[PDB]
Every structure is written in C-alpha cells, then in structure tokens.
Amino acid sequence: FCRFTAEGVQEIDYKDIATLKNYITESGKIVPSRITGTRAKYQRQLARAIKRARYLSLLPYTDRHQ
Amino acid sequence: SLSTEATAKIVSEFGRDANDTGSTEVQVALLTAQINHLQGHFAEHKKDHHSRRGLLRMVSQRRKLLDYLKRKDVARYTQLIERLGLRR
Amino acid sequence: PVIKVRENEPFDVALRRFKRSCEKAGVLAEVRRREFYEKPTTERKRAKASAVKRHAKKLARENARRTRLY
Amino acid sequence: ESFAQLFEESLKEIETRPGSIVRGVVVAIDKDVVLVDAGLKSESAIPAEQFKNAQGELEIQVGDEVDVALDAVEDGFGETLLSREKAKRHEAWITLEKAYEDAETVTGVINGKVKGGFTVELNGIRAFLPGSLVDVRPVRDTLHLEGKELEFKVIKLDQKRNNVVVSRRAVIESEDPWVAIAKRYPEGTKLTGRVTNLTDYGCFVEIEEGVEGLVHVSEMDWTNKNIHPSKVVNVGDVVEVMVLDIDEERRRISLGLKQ
Amino acid sequence: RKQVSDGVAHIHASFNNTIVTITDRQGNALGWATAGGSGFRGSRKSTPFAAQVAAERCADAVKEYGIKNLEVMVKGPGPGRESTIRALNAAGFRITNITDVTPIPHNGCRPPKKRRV
Amino acid sequence: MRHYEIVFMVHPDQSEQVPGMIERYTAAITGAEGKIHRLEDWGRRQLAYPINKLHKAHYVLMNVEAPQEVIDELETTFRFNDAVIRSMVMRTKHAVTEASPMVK
RNA sequence: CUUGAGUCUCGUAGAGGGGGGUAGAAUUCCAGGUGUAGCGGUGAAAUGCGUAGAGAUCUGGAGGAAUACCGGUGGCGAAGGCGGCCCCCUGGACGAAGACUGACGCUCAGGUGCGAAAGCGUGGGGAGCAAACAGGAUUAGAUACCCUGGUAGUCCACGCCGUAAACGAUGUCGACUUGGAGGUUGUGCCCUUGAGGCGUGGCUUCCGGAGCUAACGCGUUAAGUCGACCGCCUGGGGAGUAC
C-alpha cells in the first residue's frame, strides 16, 4: 500500500519535510519498507531524501544528539 | 559518452545520406572520436580500469570494422584511414 | 528513546512505556551485534541462512498444513 | 459450438465478483456449517454465525438465497469470503440513501460512548460513533431510559474507516492512514474492529482504514500465558478493542483487549 | 553543601557491573555508588539485585542535597537497567524523564574479535 | 547548460546581509548567460541539530541553469565565506520552477 | 537479403569505475570542571588501571578509520569486487518505437590486460583492531583456546606480487523442450471508476514435470535435447614435489 504510487510523484523532495517525518522514527531512524509498505524504487529515493535533509539539518540524525 | 550534437555532426560528415548513421565508415568514426575523447580522461585517471575496459572494447570493435571494410572495399578503407589518420 | 512522565502518570506505566520504546528502537540488540567484530562472510552467511530458514518456514510447513495430523 | 463460447460470456454477464447477486441456494444445513452454491467452482463452508439474526437462532432453511463475497479463490479447496460482509454493502447503501433526502431514518439506540461517541446499532450490527453524534445537543442520553428508541441522525462518518456517529433523540431537529494518525490516539480511544488472523502470538484486529493492530497475547483476557488466542475470542469478529499505543513511524498500533 | 531540587541519575549498566551516579542538571556529579562497591563480587555484582542496592546506596548518599525531581539516563546493556530505576523510584524521587543513552556508532570503529569458547 | 539546485545557509547574526549576498550570487550567474529559475529566501529557521554551536540559521534556496565553471566559483566563494555555514549545490534534470512545498 | 551482429533517437534504474569535497555518531587521546574509592575483567580469577584522584560525569579541543537506520536469497559489475551525502570526469545494461549498415559473426593455443586477503618496496599516516611479543590465568604440560596489554599490518600515494573453497566446486556462444509461486526494473493498452485489469521485454530467488544422473540431485538461469570452439582428466601415494 505505497503512497507514492498512488500520488504518482516523479521524485521525492528532501525539502518536503512533513512527508519525510512520516517515514522516520521517533529516534530518527528511517522506517523499513516492510512496515511502510513503500515500493522499493520509491523507498530508495525516500532514504536519499531523508539523508539530504539530515545533512541540511532539516531532519535530525537521531533524537539524542545536540 | 559522446554528446548528441557531436554524434549528429560526425554522422553528417561521413554518412552519405546523413540519415544513415549505420554506415561502416560512420561507425568507425564515432568510435575514433570517442577513443580520442577518452584519451584525456585516462591520462588523468590511470587506475580507472573499469572505464578503460570499455575503451578497449570500443577499440576492438573499431578494429573489426576496419578489417571488414578492408576485405569488402579497399579504396573506401584507404579514404577512411586518411580522414581519421589511423596508422592502420 | 527519550521519554517524559505525563502528569498524574504512574511510575510503573512509565517504565513500561520506556521498555516498549527501547524494544522498538532495538537498542539492546544493536549493542549485542556490535560487542565484537563479525567477519563479512559470517554476516553474509547468517543473513542468507536466516532467509533460507524463513522461506522453509513459510512454504514447507504450509504444504504440511494442508494434510490433517489425525 | 460457439454455443458454449456465447454461454461462457453469458454466464460472465450474469454474475459479478463481490457479494452482490443473491444466488447461492442453501443446499445443506447441519450444525455448525451452512453451505451454498452461487455458481462458483465449489460450495462455501459457511459458519452458522453468519446466519442467525439478533437473538441466536437460525432463519433460512433449504433453498434460501444470500450472496456471499469473492475476489479470493481456493486456499487449497473451497470457495468464498462470507456473506454478512455482503450485508455490510446493504447497510452502506441504506446509509448513503440519506444523502438523497439529507436524512436517513431508522431506529438508533445509543446508550454509551465507547470511544467518545455513543454506540448505535442497526438491526443486527452495532457500529461505533464519535462523541457529538449521539446527541444533537448536550442532551446526553445517560438520563434517558436505558437503550432508548429514537432513530439515528448522522453527525459524523469517517468515510473510509467505518466509524459512523448518529443522533438519537430530538425528532424535531432536521500515505493516507499515517500522516494524521492522531484521531483515535490520545491514550485510550476504544474501537470496534473485526479480527482477521490469529498468529498464535496475536489476533490482528485491524479495521480503521488500512492499519494493523495486534492485541497480541498478553492482555486478551485476565490470564497471561496459557491462553492461546484462538480459544479465547474468535475468528472474524468485531470486538471491544482500543489503541493503548501508536507508532505513526513504524506503523505498529498496539491495541489491547483486557480493558 | 548547596541543596539542589532537580538533578540527574546516570545509570552506567555494563554486563559485569552497574554504576549509578547522581549529578546536578549541569553535569557536576553529587554522589555515586556501584554494585561492586555495594559489596558485590563477580557473579553477584552482575545482577539486578546488585544494581538496585547500588542505586539505593547512591540515593542515600545524596540525601543531604535534598533532591526531589530526577531525570534518568540509562547507559549500556545490563541487568541493572530496569531494576536500578525501580530502586531509585522506591527511594522516593519524582522521576521526570527516563532516557536511553547507549552510545551507538553509525559504523565507526572496529570492535574487538569474537571470543572462542 | 546544467540545472543546479543550491541551498545555502547563513549565520543568523548575518541575516540582514543575506539579500546583498543573494544579489551578488545572482549577478555572477547572469554574467555567464546563466538563467535563474526560482529563488526562495526561506529566512531564519530552527535547526534540527546545532551546527557550529548555533541553533538557528538562515536558509536560502536557489535554482540555476548555469555553466559548471561559475557553479565551481560559487562553491569556492561559499567555502571561503564564513557567513554561510553550509551549502548544498545539487544537480537536477529540469528547470524546476514551481516552488517549494513549505513556502506553500 | 535481413533474421545474427552492430550504429543512430528518447528514456530508465543502479553500492559500476576514477577524482575532489563534506556530515553525523561512536571509540581513543589531550586540557579543564564535579567527585570519591573503586574500576576493569572471567566460568572463577589474576595480571592491569586507580587516593600522584581512576572509573562515572560535564565542557572544550585533536586526529584517524568506518559509514548504524534505509538494507532486501535488493541492485551494479567480466571476474575480483562495489554501500553515508554532494559535485566533476567515465564504462556498461535494459526498454520504446522507428531509421540505417548488410554476416561485419562465434570460439581462441600462444599473446595482452584486470585480478580478494595476506605479503614486498619508497614515502606518508596511525583512532580502533591486532599476527609477533610480554605478563595473568587454565592445565599434567598450554610455546593455545580465555584475560590485560601490544608492534608489524590494516589507512593513503605510486610501484611489485598474481595466488584463494578466486565456488554455482557447473568454460564461452547459439537453438529447442510441460508448469507454479515470487522479487526487481522497464514498457503497451484499459473507465488507473482504487492500492488495480489484461499483456509484453530484461535480470533474478524458490519449488517442481519430462528427461538426465552412481545416487544426491539438475530441471527453460539444465546437470534435458543438439551444434561450434577451447581448457582439462587417465589408480592412490611419492607430488603440484625435485631438476
């Protein structure tokens, strides 16, 4: 039950942080595709976006760090 | 890889119809231009073995093309290797 | 697994919530895996073997299920 | 000839997939299995509990017709998914009928708010509601005669999750699951959810728009470990459950049943 | 000594030994206790009971600081993880936060080699 | 030539300077006949984690169709400039001109 | 001549390669604060570190190496192998239609190149780990297993080495022969009336039919049915050794 297929997005945006926050953990972790049911193709790019965000301090790498 | 405009150009010069693109001579040329391009790269990047493998394959294929041309039509081969400056 | 005790929340409940959070994180398991070094081959072998076991458990037992025991 | 080809497409034309065409004639009853034949490859192993109405005794003898449901074929031998779900489509049609005249009129008797909203029951089934809908105003049926009879006037429905709240009184008055998963959240919102499969550590009650709950094994009852969920509740039944916990991230809403 | 109302408990939970350290909210340690120091040795100090009594000792130690509120940070894997915090609770502080504070590398340093037993 | 996607971050105390820098950047891009398709001053923003000890910082997004040489120049400027703490020049396939999800 | 082989057009996914940047966590060390008697380790110990203030805890700094989650009998690569982001240069693969060339092909002794880890050379680097080494245990002994330390090396640059259970223990290329359940990546149509429906390509995991097989098993990715070329085997040891 992938969201991206239904929406039909061409590419995930690291800027769209809210969308990302759905797929990250409370501890900051990227959520597996088993749990989210994201499509594989879409999962990879999602991870890529998350990491780009993390570099940009839009998302945190982890909950603890400061 | 080679840039589209450059492909189109080389095809135009060497191809008779300029729509052909598959003519043996045209092909040879395309390969030669690519080999020339990659020479600078590999001057820079000597350990880039994987890319060099491609380079070598392209060379070999060019080579086979030249041989085919030779047996088929000698003159045309001569003109091609004067144009490109291939020692053989 | 950062947690804050809610107003008028029991301690025991809070502890339970924390334990659950830790479990979710997989922190203890994470630690366990990093105690000493695993050879890449060993890691590969474990992963593969586990997958094989999973597949066996999924399919062969299903096949067995079709037939009744008594 | 093409007789048969024409018949094949005819018989396509005169059946559909879901439980829509009331076609299966009850051709054998014994307790505790009813069986039909809706022009399918095999006969359905029907429970008796899909077909007793509102007080616990059977209602249809041989020859009687109810459609069942489809789009799942042959777990190893057999044919169907059960017919009461078919009844759910009829209930949905009745609820939709409201739209036409902006008022669906039935009996609706809502004693108490399970998850903030009084529970309203239509003839056989009982559905759960959001708070406001039980009462048009702050009237609060707790002071009304218990299980009173008025109607249901729709206040709120979730439109993908079968949560429908209805207004018992006052005749005069007239991706997608996981972004905003804060509706049934706060600590303890109870729900009416059908269980799907009991995995010997769990029950997997999950009803509310494409989510997954687990009431796994620890609560379920007031005995801990010797319980074996299959013995203690059911298969395929709508129950008392509430959230107790939500992950919006690792999509593990961990419901409970000891409440 | 200056009295302080709110502070921290750091619980270093190892496989072999638990260490409880109460500190102020800034970082400055007030008191500490250990399972090994509580009179537990070898098999005995690597236990939840050892950990809880170490926690009790630490609590006793910082009585004169008159701490009321406390947030806890739990480090490491060990038995004295839940038991310790329970003991702390019993000792009679308002537990405010429970945090897990294990150092997880993001694949940094090579761990030592697997034991052959 | 090539459609780059730049996001650079300024030190919050230098927020008032931010426009001029942007202008400067823009000018360079125009110099080499480079187009500038979208430009969004995001403004002051809370960081997910404190980089270089500070907790807020000023985000600027920027979309450019420009030659690599000027892009390289811009990168060098950024690296030497102490105002900008971080940058992220990032290639893109198209000119994407429609703007960003949270500016919305 | 166009079926094989190749070129051109547009896309697609990718830990494919080379170069250069950068991020965060964690370990180590240094400097300083708080603080006080243990820490550490094991089956149990001891060596070891600690009142010259350790361990714990907080602040600041240095440096190296590797990239948690994603992550998958997932992907890419001729094989070896390849995993944080970014940029630069770069090789291949696949699909969609067309257009072109017109057998240009397959295989390959010698030959040439690439080729894990360890190892060598010169120059750098050196956090962690750790052959050697030292001590403590265990033991009859323990030149081991366990513990405490610990140097080559592991890291980088440029050379050499040319081997591994370098394995699918299965040479390469082509054709043909019942099926099912998946994964991944395209693509055509279809009311996408919805996560779908019907196809059609590439790569890929498992099961299994005929057939094959000493059996085990293989089974459209053959170990089946055939063709082309090459490599290799001829009892065990002596020996992949001597010259």
# chains A, B, ... in the order shown; residues from 1 in each chain; ligands from 1
>>> closest_atom_pairs(of="chain D", to="chain G", cutoff="12 Å", atoms="only C-alpha atoms (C1' of nucleotides)", output="JSON lines")
{"residue": "D:175", "atom": "CA", "partner": "G:195", "partner_atom": "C1'", "distance": 10.7}
{"residue": "D:176", "atom": "CA", "partner": "G:195", "partner_atom": "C1'", "distance": 10.8}
{"residue": "D:210", "atom": "CA", "partner": "G:195", "partner_atom": "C1'", "distance": 10.1}
>>> write_last_selection(atoms="N, CA and C atoms", output="CSV table (one decimal), in the first residue's frame")
chain,number,residue,atom,x,y,z
D,175,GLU,N,1.0,6.6,3.6
D,175,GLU,CA,0.2,7.6,3.0
D,175,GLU,C,-0.9,8.1,3.9
D,176,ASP,N,-2.0,7.5,3.6
D,176,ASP,CA,-3.3,8.0,3.9
D,176,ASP,C,-3.7,7.8,5.4
D,210,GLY,N,-7.1,0.7,6.7
D,210,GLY,CA,-5.8,0.3,6.2
D,210,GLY,C,-4.7,0.4,7.3
>>> closest_atom_pairs(of="chain D", to="chain A", cutoff="8 Å", atoms="only C-alpha atoms", output="CSV")
residue,atom,partner,partner_atom,distance
D:175,CA,A:3,CA,4.6
D:176,CA,A:3,CA,7.3
D:178,CA,A:22,CA,6.9
D:179,CA,A:22,CA,6.1
D:248,CA,A:22,CA,6.9
D:249,CA,A:25,CA,5.2
D:250,CA,A:31,CA,6.0
D:251,CA,A:35,CA,6.1
>>> residues_around(residues="residue 17 (chain D)", least_positions_apart="5", cutoff="9 Å", atoms="only C-alpha atoms (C1' of nucleotides)", output="PDB file with N, CA, C and O atoms, in the first residue's frame")
ATOM      1  N   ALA D  69     -19.391 -13.368  -1.025  1.00  0.00           N
ATOM      2  CA  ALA D  69     -18.352 -12.396  -1.383  1.00  0.00           C
ATOM      3  C   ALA D  69     -17.263 -13.167  -2.121  1.00  0.00           C
ATOM      4  O   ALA D  69     -17.182 -14.395  -2.027  1.00  0.00           O
ATOM      5  N   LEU D  70     -16.392 -12.442  -2.813  1.00  0.00           N
ATOM      6  CA  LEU D  70     -15.441 -13.086  -3.716  1.00  0.00           C
ATOM      7  C   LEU D  70     -14.174 -12.235  -3.808  1.00  0.00           C
ATOM      8  O   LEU D  70     -13.905 -11.397  -2.941  1.00  0.00           O
ATOM      9  N   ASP D  71     -13.395 -12.465  -4.868  1.00  0.00           N
ATOM     10  CA  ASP D  71     -12.105 -11.874  -5.210  1.00  0.00           C
ATOM     11  C   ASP D  71     -10.977 -12.580  -4.467  1.00  0.00           C
ATOM     12  O   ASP D  71      -9.819 -12.172  -4.600  1.00  0.00           O
TER      13      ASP D  71
END
>>> interface_residues(of="chain C", to="chain G", cutoff="12 Å", atoms="only C-alpha atoms (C1' of nucleotides)", output="mmCIF file with N, CA, C and O atoms, in the first residue's frame")
data_model
loop_
_atom_site.group_PDB
_atom_site.id
_atom_site.type_symbol
_atom_site.label_atom_id
_atom_site.label_comp_id
_atom_site.auth_asym_id
_atom_site.auth_seq_id
_atom_site.Cartn_x
_atom_site.Cartn_y
_atom_site.Cartn_z
ATOM 1 N N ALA C 25 13.194 0.550 19.429
ATOM 2 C CA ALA C 25 14.464 1.038 18.926
ATOM 3 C C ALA C 25 15.369 -0.112 18.512
ATOM 4 O O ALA C 25 16.088 -0.019 17.510
ATOM 5 N N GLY C 26 15.335 -1.210 19.260
ATOM 6 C CA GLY C 26 16.275 -2.291 19.036
ATOM 7 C C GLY C 26 17.652 -1.957 19.555
ATOM 8 O O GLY C 26 18.660 -2.406 18.991
ATOM 9 N N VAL C 27 17.717 -1.168 20.621
ATOM 10 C CA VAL C 27 18.993 -0.673 21.116
ATOM 11 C C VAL C 27 19.819 -1.813 21.677
ATOM 12 O O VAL C 27 21.008 -1.945 21.386
ATOM 13 N N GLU C 30 21.067 -3.929 18.995
ATOM 14 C CA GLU C 30 22.118 -3.172 18.336
ATOM 15 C C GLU C 30 23.433 -3.336 19.069
ATOM 16 O O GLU C 30 24.479 -3.631 18.481
ATOM 17 N N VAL C 31 23.392 -3.100 20.367
ATOM 18 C CA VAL C 31 24.569 -3.232 21.201
ATOM 19 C C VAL C 31 25.147 -4.627 21.057
ATOM 20 O O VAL C 31 26.321 -4.807 20.716
ATOM 21 N N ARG C 33 24.966 -6.728 18.771
ATOM 22 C CA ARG C 33 25.585 -7.048 17.494
ATOM 23 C C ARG C 33 26.957 -6.401 17.379
ATOM 24 O O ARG C 33 27.837 -6.921 16.684
ATOM 25 N N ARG C 34 27.172 -5.292 18.080
ATOM 26 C CA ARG C 34 28.416 -4.547 17.978
ATOM 27 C C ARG C 34 29.425 -4.873 19.078
ATOM 28 O O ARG C 34 30.452 -4.192 19.172
ATOM 29 N N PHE C 36 31.581 -7.338 19.510
ATOM 30 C CA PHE C 36 32.878 -7.706 18.944
ATOM 31 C C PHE C 36 32.651 -7.729 17.425
ATOM 32 O O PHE C 36 31.556 -7.412 16.949
ATOM 33 N N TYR C 37 33.672 -8.081 16.645
ATOM 34 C CA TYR C 37 33.601 -7.953 15.187
ATOM 35 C C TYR C 37 33.086 -9.212 14.498
ATOM 36 O O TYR C 37 33.550 -10.319 14.784
ATOM 37 N N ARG C 44 27.199 -12.335 5.957
ATOM 38 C CA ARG C 44 26.509 -12.795 4.768
ATOM 39 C C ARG C 44 25.865 -14.141 5.026
ATOM 40 O O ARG C 44 24.708 -14.383 4.663
ATOM 41 N N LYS C 45 26.627 -15.034 5.648
ATOM 42 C CA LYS C 45 26.188 -16.396 5.884
ATOM 43 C C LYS C 45 24.969 -16.402 6.778
ATOM 44 O O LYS C 45 23.984 -17.095 6.510
ATOM 45 N N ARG C 46 25.023 -15.620 7.848
ATOM 46 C CA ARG C 46 23.899 -15.532 8.761
ATOM 47 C C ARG C 46 22.668 -15.027 8.046
ATOM 48 O O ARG C 46 21.580 -15.595 8.173
ATOM 49 N N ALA C 47 22.823 -13.939 7.303
ATOM 50 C CA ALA C 47 21.676 -13.352 6.633
ATOM 51 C C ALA C 47 21.047 -14.361 5.699
ATOM 52 O O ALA C 47 19.828 -14.582 5.708
ATOM 53 N N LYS C 48 21.883 -14.994 4.886
ATOM 54 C CA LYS C 48 21.386 -15.939 3.910
ATOM 55 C C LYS C 48 20.692 -17.099 4.598
ATOM 56 O O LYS C 48 19.575 -17.468 4.230
ATOM 57 N N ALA C 49 21.336 -17.669 5.611
ATOM 58 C CA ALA C 49 20.788 -18.829 6.294
ATOM 59 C C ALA C 49 19.456 -18.490 6.932
ATOM 60 O O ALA C 49 18.514 -19.290 6.909
ATOM 61 N N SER C 50 19.366 -17.301 7.516
ATOM 62 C CA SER C 50 18.128 -16.866 8.134
ATOM 63 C C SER C 50 17.025 -16.767 7.101
ATOM 64 O O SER C 50 15.884 -17.174 7.342
ATOM 65 N N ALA C 51 17.353 -16.214 5.938
ATOM 66 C CA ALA C 51 16.371 -16.122 4.869
ATOM 67 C C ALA C 51 15.908 -17.505 4.442
ATOM 68 O O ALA C 51 14.718 -17.734 4.192
ATOM 69 N N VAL C 52 16.852 -18.436 4.333
ATOM 70 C CA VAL C 52 16.514 -19.797 3.928
ATOM 71 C C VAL C 52 15.556 -20.403 4.934
ATOM 72 O O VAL C 52 14.567 -21.058 4.579
ATOM 73 N N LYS C 53 15.860 -20.209 6.211
ATOM 74 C CA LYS C 53 15.019 -20.734 7.272
ATOM 75 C C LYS C 53 13.624 -20.136 7.187
ATOM 76 O O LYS C 53 12.618 -20.838 7.339
ATOM 77 N N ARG C 54 13.557 -18.830 6.946
ATOM 78 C CA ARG C 54 12.275 -18.150 6.828
ATOM 79 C C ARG C 54 11.454 -18.739 5.697
ATOM 80 O O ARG C 54 10.251 -18.977 5.833
ATOM 81 N N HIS C 55 12.096 -18.952 4.558
ATOM 82 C CA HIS C 55 11.394 -19.479 3.396
ATOM 83 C C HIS C 55 10.886 -20.887 3.661
ATOM 84 O O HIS C 55 9.760 -21.243 3.282
ATOM 85 N N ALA C 56 11.727 -21.716 4.275
ATOM 86 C CA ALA C 56 11.289 -23.049 4.664
ATOM 87 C C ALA C 56 10.044 -22.948 5.526
ATOM 88 O O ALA C 56 9.002 -23.543 5.219
ATOM 89 N N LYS C 58 7.952 -20.679 5.722
ATOM 90 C CA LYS C 58 6.775 -20.130 5.072
ATOM 91 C C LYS C 58 6.082 -21.187 4.230
ATOM 92 O O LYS C 58 4.858 -21.349 4.289
ATOM 93 N N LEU C 59 6.858 -21.938 3.456
ATOM 94 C CA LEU C 59 6.278 -22.754 2.399
ATOM 95 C C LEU C 59 6.104 -24.217 2.788
ATOM 96 O O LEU C 59 5.027 -24.795 2.576
ATOM 97 N N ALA C 60 7.157 -24.849 3.311
ATOM 98 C CA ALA C 60 7.089 -26.283 3.554
ATOM 99 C C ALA C 60 6.040 -26.604 4.607
ATOM 100 O O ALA C 60 5.269 -27.564 4.475
ATOM 101 N N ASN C 63 2.544 -26.339 3.159
ATOM 102 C CA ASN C 63 2.270 -27.596 2.474
ATOM 103 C C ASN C 63 1.862 -28.674 3.464
ATOM 104 O O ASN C 63 0.864 -29.375 3.264
#
>>> residues_around(residues="region 108-122 of chain G", least_positions_apart="5", cutoff="12 Å", atoms="only C-alpha atoms (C1' of nucleotides)", output="VMD selection string")
(chain B and resid 47 to 53 56 to 57) or (chain G and resid 78 to 81 131 152 to 154 157 to 164 166 172 228 to 231)
>>> interface_residues(of="chain C", to="chain E", cutoff="6 Å", atoms="only C-alpha atoms", output="list in words")
residues 1, 2, 3, 4, 5, 36 and 37 of chain C
